[PDB]
Amino acid sequence: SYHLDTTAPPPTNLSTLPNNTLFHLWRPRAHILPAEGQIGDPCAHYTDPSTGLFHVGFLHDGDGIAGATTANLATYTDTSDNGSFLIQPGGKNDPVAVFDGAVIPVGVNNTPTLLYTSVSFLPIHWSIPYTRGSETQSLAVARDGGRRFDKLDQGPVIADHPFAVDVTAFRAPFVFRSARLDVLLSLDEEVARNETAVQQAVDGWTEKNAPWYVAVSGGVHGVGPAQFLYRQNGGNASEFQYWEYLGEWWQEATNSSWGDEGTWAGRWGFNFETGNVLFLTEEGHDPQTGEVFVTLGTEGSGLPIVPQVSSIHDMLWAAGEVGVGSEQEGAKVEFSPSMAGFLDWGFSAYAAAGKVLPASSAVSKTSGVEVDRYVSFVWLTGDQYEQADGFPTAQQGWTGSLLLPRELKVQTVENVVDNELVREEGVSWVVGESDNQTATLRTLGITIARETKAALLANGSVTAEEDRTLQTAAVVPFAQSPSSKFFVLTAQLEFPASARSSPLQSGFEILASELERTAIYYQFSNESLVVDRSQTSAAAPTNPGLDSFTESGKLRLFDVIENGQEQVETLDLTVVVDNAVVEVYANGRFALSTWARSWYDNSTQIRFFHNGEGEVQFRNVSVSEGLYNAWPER
Ligand SMILES: OC[C@H]1O[C@@](CO)(O[C@H]2O[C@H](CO)[C@@H](O)[C@H](O)[C@H]2O)[C@@H](O)[C@@H]1O
Numbered sequence: 210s211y212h213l214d215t216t217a218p219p220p221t222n223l224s225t226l227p228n229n230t231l232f233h234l235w236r237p238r239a240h241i242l243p244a245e246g247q248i249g250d251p252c253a254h255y256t257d258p259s260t261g262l263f264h265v266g267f268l269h270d271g272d273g274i275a276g277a278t279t280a281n282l283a284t285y286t287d288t289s290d291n292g293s294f295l296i297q298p299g300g301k302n303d304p305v306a307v308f309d310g311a312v313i314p315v316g317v318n319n320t321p322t323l324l325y326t327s328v329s330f331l332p333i334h335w336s337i338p339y340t341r342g343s344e345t346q347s348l349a350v351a352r353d354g355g356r357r358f359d360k361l362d363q364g365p366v367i368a369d370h371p372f373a374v375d376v377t378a379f380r381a382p383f384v385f386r387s388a389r390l391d392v393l394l395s396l397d398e399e400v401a402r403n404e405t406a407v408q409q410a411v412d413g414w415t416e417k418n419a420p421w422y423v424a425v426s427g428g429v430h431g432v433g434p435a436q437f438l439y440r441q442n443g444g445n446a447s448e449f450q451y452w453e454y455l456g457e458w459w460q461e462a463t464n465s466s467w468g469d470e471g472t473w474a475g476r477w478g479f480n481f482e483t484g485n486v487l488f489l490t491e492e493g494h495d496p497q498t499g500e501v502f503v504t505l506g507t508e509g510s511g512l513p514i515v516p517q518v519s520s521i522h523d524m525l526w527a528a529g530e531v532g533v534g535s536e537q538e539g540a541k542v543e544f545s546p547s548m549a550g551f552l553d554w555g556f557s558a559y560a561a562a563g564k565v566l567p568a569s570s571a572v573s574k575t576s577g578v579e580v581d582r583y584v585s586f587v588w589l590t591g592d593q594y595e596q597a598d599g600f601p602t603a604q605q606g607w608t609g610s611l612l613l614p615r616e617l618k619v620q621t622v623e624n625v626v627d628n629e630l631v632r633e634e635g636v637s638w639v640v641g642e643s644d645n646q647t648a649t650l651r652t653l654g655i656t657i658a659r660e661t662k663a664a665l666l667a668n669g670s671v672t673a674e675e676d677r678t679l680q681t682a683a684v685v686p687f688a689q690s691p692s693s694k695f696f697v698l699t700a701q702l703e704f705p706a707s708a709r710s711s712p713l714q715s716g717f718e719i720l721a722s723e724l725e726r727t728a729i730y731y732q733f734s735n736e737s738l739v740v741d742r743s744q745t746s747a748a749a750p751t752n753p754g755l756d757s758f759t760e761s762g763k764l765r766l767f768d769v770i771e772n773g774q775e776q777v778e779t780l781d782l783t784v785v786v787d788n789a790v791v792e793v794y795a796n797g798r799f800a801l802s803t804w805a806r807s808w809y810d811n812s813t814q815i816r817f818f819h820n821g822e823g824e825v826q827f828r829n830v831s832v833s834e835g836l837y838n839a840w841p842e843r
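Just so you know, we're using my numbering here: the sequence shown kicks off at 210 and counts up by one.
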């Protein structure tokens, strides 16, 4: 008879324990996840026009889409009990399953309408033959508060993938409006060429009567991944039955990749998944002025291939312009990347689903936000996309979570020295202005939704640490560490120009006791923020299901002129440890998330870390403990 004692050594085999015995050990408190069970792709978010409430959706137990609503973006309420589902398979269009979908706020009967992938056959994978009719796109209407979506009584409105095209996947429709797509499709061919005449048209565009675009994700066997573009037939905002196919507005060659060696934004892989089309400004989201950005998951594989297995699940993003399809009879429009990166460098991070959050939303009024934002929710699969080695799933009682809501916008890096570090090929940024002297850079901005960040530090205890410098190898525990695994660690690290060339590794050690620790440090050798999990869990050695491989992402610290003086860019860190869920943010442009399933309650020590190689200066190091409860009503 074994009752869980986390002050004692864990059992050698966690999978033998009784169901739900591990329900709270690693569970987060300020993250979006169902009351119990498993959570899949987040999807179907939308601001309810009538109430201003923001709805969040996500696949649940592989049995359809479930939901919840929020008024502040800080706290949530399940739409209903028993799973809080909104729609599930069993219909004539989705007899086998219900995949990712999106919502048009004012659609059929002027109510929230869901366009989603209705599934009729399984399995479905880029590495195996595609069964005709596997995935179709259907409509459902929100009924009784967005607390339930009723499938319209008719077949799918997009009943088949492009004609005779041997697609690898046809799913995850995402709806959006675009001033530039309307102009490009409305103008002439020799007139919609000059950016002069086009811009002039874009200036008149009006969002409220604009038609809707639909980007469907997948690829084509033998040719490459791609996104399939559609739009209300004839550009008629009142048409929801027929969608004119606009072509493969974006495609890449099989397992090709950004940059010559795929260093900043993985590989395009074998198939595109869960595409999101955004229009960003330096302040937020604007479908008329915003630059086109696209977030998407790409599925990779090493050789030889393992049927129905995707070894790599990259959570990428790209930005670029959209233009006419040249002079040949193909895609009406074409997305051309100028830069690309990672929305989250976590192995387990994937399938993002975001949405525009209007300044007119209840969330924004209450909070006082004056602009439109685009909030993104990244998935953090709990069992390595179901390839885990016997994770004690029955013992935990749940699987996966969503990462903290994030605001996406155009972020600029000013006063940057225009050197080889800024002119490299295939990077995740473009030079704004450059006198050949300083260059302002433009890149994707990634930050925690402000209301959520406020709620995290809202009643937490604050403990600062004196600025410190380290030269010789050392591990210096904080003057005082939290006594729980719920906290926000923030710090600024400064390095000497001389460090770029050294084997320097500097950061912190968290969730640490004598038998456990988790390392988070910056590395110049490959300029990478690294999360060393080799010692995170005393239980991992004997429980292979608890993955302990290293996680890391690329982050380049540029040479800049701060006070009429040059210097290596300051590494601005923000680490949120919401229990088994850890998220590493850096310079309002980086994000790396992973699981840190430490076992003992004692493992809460925090230490400064430096490997002697080089020199580092820590500044403004502080810790806020407590976070908050994202689900009061539970
Ligand atoms: O649960 C379906 C949902 O999962 C995603 C994102 O992870 O794709 C996954 O499931 C597909 C098939 O059943 C696999 O082919 C794919 O490799 C896997 O990542 C979404 O694309 C899909 O809607």
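C-beta: ideal position from N, C-alpha, C; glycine also.
- Contacting residues, own chain, Cβ-Cβ under 6 Å from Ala306 (five flanking each side not counted): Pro298 and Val328
- Alpha-carbon to alpha-carbon, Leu612 and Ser570: 22 Å
- Own chain residues within Cβ distance below 7 Å of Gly754, not counting five before or after: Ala597, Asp598, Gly599, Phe600 and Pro601
- Message: Shorter than 8 Å, the distance from the beta carbon of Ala378 to the closest heavy atom of ligand 1, or not?
- Response: yes
- Out of curiosity, what's the CA-to-CA distance linking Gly427 and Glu792? 29 Å
- Task: Below 6 Å CB to CB, which residues in the same chain sit around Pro304 once its five sequence neighbours on both sides are set aside?
- Result: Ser329
- Task: Classify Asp741 as helix, strand or coil using the three-state DSSP reduction.
- Result: strand
- Which runs of the alpha helix (DSSP H) fall wholly inside the segment 612-679 and span at least 4 residues, in chain order? 629-632 and 659-665
- Starting from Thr602 and walking both ways along the alpha helix (DSSP H), at which residues does that stretch end? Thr602 to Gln605
- Message: The alpha helix (DSSP H) that contains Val572, what's its start and end?
- Response: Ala571 to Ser576
- Task: Label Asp375 either buried or exposed according to how many other C-beta atoms from any shown protein chain fall within 10 Å of its C-beta, with 16 as the threshold for buried.
- Result: exposed
- From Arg236, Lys417 and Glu399, pick the residue whose C-alpha is nearest to that of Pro258; which is it? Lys417
- Between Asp272 and ligand 1, is the CB less than 8 Å from at least one heavy atom? no
- Between the beta-carbon of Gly534 and the beta-carbon of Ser520, is there less than 9 Å? no
- Message: Can you look up residue 888 in the DSSP assignment and give me helix, strand or coil?
- Response: A query on residue 888 cannot be resolved here, the shown segment of the chain reaching from 210 to 843 and no further.
- Query: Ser757: beta carbon under 8 Å from a heavy atom of ligand 1?
  - Reply: no
- Message: Let me check understanding here. Comparing Cα to Cα, which of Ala561, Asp469, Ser466 and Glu543 lies closest to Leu268?
- Response: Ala561
- heavy atom of ligand 1 below 8 Å from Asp250 C-beta: yes
- Query: Skipping 5 residues on each side, what residues in its chain have a beta carbon closer than 6 Å to that of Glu824?
  - Reply: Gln680 and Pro705
- Message: Let me check understanding here. Comparing Cα to Cα, which of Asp627, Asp523 and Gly532 lies closest to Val392?
- Response: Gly532
- If you measure from the CB of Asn645, is any heavy atom of ligand 1 nearer than 8 Å? no
- Message: Along the chain, where does the beta strand (DSSP E) containing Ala406 start, and where does it finish?
- Response: Here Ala406 belongs to no beta strand (DSSP E); instead the alpha helix (DSSP H) covers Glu404 to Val411.
- Cβ of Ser557 within 9 Å of Cβ of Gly591? yes
- Task: Verify the contact flag: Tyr594, CB atom, against every heavy atom of ligand 1, threshold strictly below 8 Å.
- Result: yes
- Given 8 Å as the limit, is there contact between the segment 651-664 and the segment 786-804, that is, 3 or more CB pairs closer than that? yes
- Message: Mapping the DSSP letters down to three states, classify residue 180 as helix, strand or coil.
- Response: With the chain represented from 210 up to 843, any question about residue 180 goes unanswered, as that position is not in the structure.
- Option nearest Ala540 by Cα separation, candidates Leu455, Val578, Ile296 and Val565: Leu455
- Please name the residue or residues paired with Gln814 in a DSSP beta bridge. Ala721
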